[PDB]
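Asks: So I've got this experimental structure, pasted below with the sequence.
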Amino acid sequence: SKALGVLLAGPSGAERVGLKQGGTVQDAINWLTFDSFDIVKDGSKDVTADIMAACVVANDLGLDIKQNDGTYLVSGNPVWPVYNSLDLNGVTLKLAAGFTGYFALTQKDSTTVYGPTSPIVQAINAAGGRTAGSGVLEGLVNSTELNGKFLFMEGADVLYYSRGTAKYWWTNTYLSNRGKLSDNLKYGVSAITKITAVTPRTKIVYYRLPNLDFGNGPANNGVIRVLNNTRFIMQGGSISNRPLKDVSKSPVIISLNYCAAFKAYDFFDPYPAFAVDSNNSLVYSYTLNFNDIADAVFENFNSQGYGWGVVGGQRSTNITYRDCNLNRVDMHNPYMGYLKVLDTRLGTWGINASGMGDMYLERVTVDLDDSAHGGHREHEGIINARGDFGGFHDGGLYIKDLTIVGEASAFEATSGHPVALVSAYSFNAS
Amino acid sequence: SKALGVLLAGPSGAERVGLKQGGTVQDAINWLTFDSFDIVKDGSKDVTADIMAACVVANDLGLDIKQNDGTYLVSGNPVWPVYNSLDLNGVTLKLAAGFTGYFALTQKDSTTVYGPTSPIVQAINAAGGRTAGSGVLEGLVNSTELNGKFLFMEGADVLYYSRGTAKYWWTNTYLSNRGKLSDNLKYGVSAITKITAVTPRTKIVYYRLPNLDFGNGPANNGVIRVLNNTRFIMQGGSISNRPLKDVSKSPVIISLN
């Protein structure tokens, strides 16, 4: 009836084979692979739906995914969710021209949102501790609901105007217990309107990014997206066969959102994207793009050359760049806390960051050559504030051992003078 | 005749055993070990030719090698080539007194040499951008041949003399596209005579070095050699039983190129 060989090939097969050191083969193996589902890996078939089914199985069982070879063709707009570690070092993804999907690397059941009518928010608004330089919220001293969490708060006071739109009070910080915040409030607020709380993991997860093939020239808004995540380490990843021109497109590679306490590592990009409009004028495109992050370290990133700035950040806290090779470091919406750039080589754009904190620079080299861009230059200096936010930087700038090479002659021919060192101004006061 | 016992021991095998989470045992294991070839690992036999055979199989299939225990006795002057990751943490290599071989960790066709007569070199020599502080080679503005590569170039002008021997112009840099260099030239050069171009990997490889036993005292010119390589991480490694004196010898451990 039920014979060996038929039993061995079934799901309960590895449980019947014993090991010399003890136990069975099933005990040792505890991970999943793409080969476990017979996914075609010669690039000759669309496997968008097959990869999605594999991710669903792993999330239910709570296992890691490992795969170190093969090339896969994908198309459409899938959303692949991953709740655990993912190892794709050695895998190439071949994207179709109309691809608009992404990997969604998330933490399961990690975020709670409190609205303006929630009991927690009302208790904060009825007590003190909402002044500048405060480090304690007096309304949470005898409460344990938000203990040991990362808090992303919003307020009801206007701070500045950007492109005619009012921007409101905000603060990202960490709460240990009895109302104590890690980062003090730089400005006071009349009332709190929203709180987003993220719980740190009880474990460390590892992401090993694959190689992305851009031969057909897709223009997604992020292929690797990390949302509501803590305590992860991201290593590797690259781009291949990137086209020289990207007419009327704005590709984005990596995007982060509501993340804290992580570190990224040696992503390699042979050269950045060069995207233009119908009038042959440069438009934006990013290799890395993040919103609402805290306590982040970026090390050994590589994206240097002509094109738009490869980094775009907004509303962050305590960011560090170490040993990187980028053509720009940027923050559109202001940062708070500190921003550190250590042992880094920069391109012609320099640094463009409005902020409510302190900027530290140590052993940084800047290369000013800008021949491929005609004379286009948004800000006239090397270290700048944001011209579309008013040009303010409410904090100090401390520089040690800065080195300048290049000349930036293309900009000089258009304007008549070289670049400044530090600039802070507004494009339009209204 | 095709008995189940004989079938299970062949190359078909783990593909006939299923896992609870899905797939087969074969789909989970994708690496090679020194124990896969029954290499004697108590130091009582010379296994130089057996280690070479293991490396050839791994290179052909594009797999990684992993071994975490055992002591191996080696001799001669073998060249063991490795194209992928290598893990020898916990392994001791016993070197015979006359050992002169090494591991060769390479990148499998990552380099290209352009000589003084190549069209690429002649294009550079016929244009501008060869001055001090220059960041662009004007002869490559409309070329895509060297895009995204590391360049090791040599020139024709004498810079200084060492031990009565002239030394010539050089520079090492990276080129993104449209002839833009990452590091500006410090001195101008009249003509460029050689270019070596290395392509970065689309992956990261990991090297975990073994323990080397120098009891017999060999003095070869490098036991671990890395050539024409990019995007790797090296960890570990040690020396044991190093003699206090090395009369008429010059040992080298690690060399890069």
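Replies: Done, it's in. Numbers count the residues shown, from 1 in each chain, chains lettered A, B, ... in the order given.
Asks: burial of the residue of the stretch 151-300 of chain A found nearest chain B, as a residue count?
Replies: Distance from chain B to each residue of the stretch 151-300 of chain A (Cβ to the nearest Cβ) is smallest for residue A:270, at 3.3 Å. Placement of C-beta: from N, CA and C, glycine included. Residues within reach of residue A:270, counting by other Cβ atoms under 10 Å in any protein chain shown, total 23.
Asks: and what of the one 3 residues further on?
Replies: Around residue A:273 sit 30 other residues, with neighbours defined as other Cβ under 10 Å.
Asks: ditto for the one 5 residues further on
Replies: Neighbourhood size, residue A:278 [other Cβ under 10 Å]: 7.
Asks: my guess is it is in a strand, correct?
Replies: No. Per DSSP: H, G, I helix; E, B strand; the rest coil, residue A:278 lies outside any strand segment and is coil.
Asks: Now it. Nearest residue, chain neighbours left out?
Replies: Setting aside the residues directly before and after it, residue A:278 is nearest to residue A:248 in space (Cβ to Cβ, 6 or more residues apart in numbering or on different chains), at 6.4 Å.
Asks: residue contacts, that neighbour?
Replies: Listed by Cβ atoms under 8 Å, 6 or more residues apart in numbering or on different chains, the contact partners of residue A:248 are A:275-278.
Asks: Would you mind writing the ChimeraX command to select the buried ones in these?
Replies: To isolate the buried members of the contacts of residue A:248 in ChimeraX, using 16 or more other Cβ atoms under 10 Å in any protein chain shown:
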select /A:275,276
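Asks: Surely the residue of the stretch 151-300 of chain A closest to chain B touches residue A:239?
Replies: Yes. Counting by Cβ atoms under 8 Å, residue A:239 is a contact partner of residue A:270 at 6.9 Å.
Asks: Stretch A:391-408 vs chain B: in contact?
Replies: Yes. Residues of stretch A:391-408 contacting chain B under Cβ under 8 Å from any Cβ of the partner chain: A:405-406.
Asks: coming back round to it: now the residue of the stretch 151-300 of chain A closest to chain B. Nearest residue, chain neighbours left out?
Replies: Per Cβ to Cβ, 6+ apart, closest to residue A:270 is residue B:148, 3.3 Å.
Asks: List the contacts of residue A:133.
Replies: A:184-186.
Asks: Show me just the buried residues among those residues.
Replies: Neighbour-count burial (16+ other Cβ under 10 Å) is assigned, among the contacts of residue A:133, to A:185-186.
Asks: Isn't residue A:348 up against residue A:371?
Replies: No. In terms of Cβ under 8 Å, residue A:348 does not count as a neighbour of residue A:371; the distance is 9.5 Å.
Asks: before we move on, the earlier item: give the contact list for the residue of the stretch 151-300 of chain A closest to chain B.
Replies: Residues in contact with residue A:270 (Cβ under 8 Å, 6+ apart) are A:238-240, A:242, B:147-148, B:176, B:200.
Asks: One more: residue A:252?
Replies: Counting by Cβ under 8 Å, 6+ apart, residue A:252 makes contact with A:220-223, A:285-287, A:289.
Asks: Likewise for residue A:257?
Replies: Residue A:257 neighbours (Cβ under 8 Å, 6+ apart): A:225-228, A:290-293.
Asks: Give me the buried entries from the residues you listed.
Replies: Among the contacts of residue A:257, those buried by neighbour count (16+ other Cβ under 10 Å) are A:225-228, A:290-293.
Asks: For these, could you give me a markdown table that also reports secondary structure?
Replies: Formatted as a markdown table, the buried ones among the contacts of residue A:257 follow (three-state DSSP):
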| residue | secondary structure |
| --- | --- |
| A:225 | strand |
| A:226 | strand |
| A:227 | strand |
| A:228 | strand |
| A:290 | strand |
| A:291 | strand |
| A:292 | strand |
| A:293 | strand |
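Asks: Which parts of the stretch 301-430 of chain A are strands?
Replies: With DSSP state E, counting those that start in this stretch applied, the stretch 301-430 of chain A shows strands at A:302-303, A:311-314, A:317-322, A:325-326, A:328-342, A:345-346, A:350-367, A:381-384, A:397-405, A:420-423, listed in chain order.
Asks: correction: the stretch 1-150 of chain A
Replies: Along the stretch 1-150 of chain A, counting by DSSP E, counting those that start in this stretch, strands occupy A:32-33, A:42-46, A:65-66, A:71-74, A:79-82, A:86-87, A:92-95, A:102-106, A:111-114, A:149-162.
Asks: Buried deepest among those strands, which one?
Replies: Among the strands of the stretch 1-150 of chain A, ranked by average contacts under mean count of other Cβ atoms under 10 Å in any protein chain shown, first place goes to strand A:32-33 (a mean of 24).
Asks: for it, packing partners?
Replies: Under the contact criterion of 3 or more Cβ pairs under 8 Å, 6 or more residues apart in numbering or on different chains; DSSP states H and E, strand A:32-33 touches helix A:48-61, strand A:65-66.
Asks: starting at the chain centroid, how far to that strand?
Replies: Using Cα atoms, centre = their mean, to the nearest Å, the mean C-alpha position of strand A:32-33 is found 26 Å from that of the whole chain.
Asks: Paired strands for that strand, with orientation please.
Replies: Sheet pairing here is set by DSSP bridges, and for strand A:32-33 it gives strand A:65-66 (parallel).
Asks: contact partners of the strand it pairs with?
Replies: Strand A:65-66 is contacted from outside by A:31-34, A:54-55, A:58, A:82, A:84-88, using Cβ under 8 Å, 6+ apart.
Asks: do that again at 10 Å, thanks
Replies: A:31-36, A:51, A:54-55, A:57-59, A:82, A:84-89, A:208, B:28, B:30 (Cβ atoms under 10 Å, 6 or more residues apart in numbering or on different chains).
Asks: Could you write me a ChimeraX select line covering just the buried ones among the contacts of residue A:252?
Replies: Remark: buried members of these, expressed as a ChimeraX selection using 16+ other Cβ under 10 Å:
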select /A:220,222,223,285,286,287,289
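Asks: Can I get the contacts of residue A:252 in TSV including secondary structure?
Replies: Putting the contacts of residue A:252 into TSV (three-state DSSP) gives the following:
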residue	secondary structure
A:220	coil
A:221	strand
A:222	strand
A:223	strand
A:285	coil
A:286	strand
A:287	strand
A:289	strand
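Asks: circling back to that earlier point, need the overlap of contacts for residue A:270 and residue A:239.
Replies: Each of A:303, B:148, B:202 lies in contact with both residue A:270 and residue A:239 under the rule Cβ under 10 Å, 6+ apart.
Asks: so the first one touches residue A:266, yeah?
Replies: So the one you mean is residue A:303. No. If you go by Cβ atoms under 10 Å, residue A:303 and residue A:266 don't touch, sitting 11.6 Å apart.
Asks: Of the two, which one has the most company?
Replies: residue A:303 (27 against 18).
Asks: what bridges to that one?
Replies: Residue A:303 has these beta-bridge partners by DSSP bridges: residue A:269, residue A:326.
Asks: and what of residue A:299?
Replies: residue A:322.
Asks: count of neighbours near it?
Replies: Residue A:299: 17 neighbours (other Cβ under 10 Å).
Asks: which ones are touching it?
Replies: A:235, A:263-267, A:320-324, A:342-343.
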